[PDB]
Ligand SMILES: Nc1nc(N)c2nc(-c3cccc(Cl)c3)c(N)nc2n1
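Only one chain is included here, represented as structure tokens and corresponding to the form solved without this ligand.
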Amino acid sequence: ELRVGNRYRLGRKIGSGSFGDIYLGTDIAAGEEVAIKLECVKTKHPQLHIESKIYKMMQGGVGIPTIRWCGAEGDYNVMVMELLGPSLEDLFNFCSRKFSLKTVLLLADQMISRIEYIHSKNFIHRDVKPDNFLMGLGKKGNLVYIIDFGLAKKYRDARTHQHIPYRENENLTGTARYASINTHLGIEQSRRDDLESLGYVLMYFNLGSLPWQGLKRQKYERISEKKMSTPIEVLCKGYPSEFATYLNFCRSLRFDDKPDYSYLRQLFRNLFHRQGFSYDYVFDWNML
């Protein structure tokens, strides 16, 4: 009877993340299903324990899943996590690659806040993308959660807020489709880069696709050439100027700058209200 420590029965694979696979679990002790992350202990650079400490620093924030680091069982490090609902990439597909402007702005408000909270606890996420935001369950079905801290990194000192130095970091960490221009140029990531990636995620929702998507490491330069050759004003054309304004404000932030989260939220909130929408948490998937 294959269980993690007498408590959660292990089920089928339900996803991949950074640095391991995710499996379904059943808490016979409570009554809920859980997600179970497993990492093969045979590596010189194990990551699961580290990732679960970041989760522990983020507990109590809105939209942060609760986890439980259960240590090593033979060949695997185990971390039990709150099972949430579908990812935004999943919901985008239910909705046939179309989100209403209201839904995008409903998401923008929450995704900006999630990123702000992470930054408040001194980490940058480094892989902002639609698969790493999931809707909650039940009474939390209106709530956007952020997940996967396996590429996350401390960007400032916890007691003195000394920001990490500006330096060339030459590993592309994260998905290339949403990577900031600073990352394509080999610069260490900071808070500005999480938000620029959110800017691309938003326009991806609006367009259904990005101009650097289906491009035939050669492909990684192809994306970066195309991403830099494509001015912001062309990428966001035929959509409210606020998306262009968002993206320009992210690219113009200084490396160590504390982003103005209220400003970005207010761009979208004011456009939201001018269209007459109400923050009622009725997304496109709430009308089937």
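In this text, residue numbers run from 1 along the sequence as written.
Form deposited with this ligand bound: not shown, discussed below.
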item: Candidate stretches 180-188, 81-89, 113-121, 156-164 - the one whose heavy atoms come within 4.5 Å of this ligand in the bound PDB entry; value: 81-89
item: In the bound PDB entry, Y246 touching this ligand (heavy atom, 4.5 Å); value: no
item: Residue contact check: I14 to this ligand in the bound PDB entry, 4.5 Å heavy atom; value: yes
item: Interface membership of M58, this ligand in the bound PDB entry, 4.5 Å heavy atom rule; value: no
item: This ligand contact at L271 in the bound PDB entry, heavy atom, 4.5 Å; value: no
item: Non-hydrogen atom within 4.5 Å of this ligand in the bound PDB entry for each of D109, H125 and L198; value: no
item: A35, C250, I54, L235 - the one with a heavy atom within 4.5 Å of this ligand in the bound PDB entry; value: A35
item: In the bound PDB entry, the one of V144, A152, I147, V104 near this ligand [non-hydrogen atom within 4.5 angstroms]; value: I147
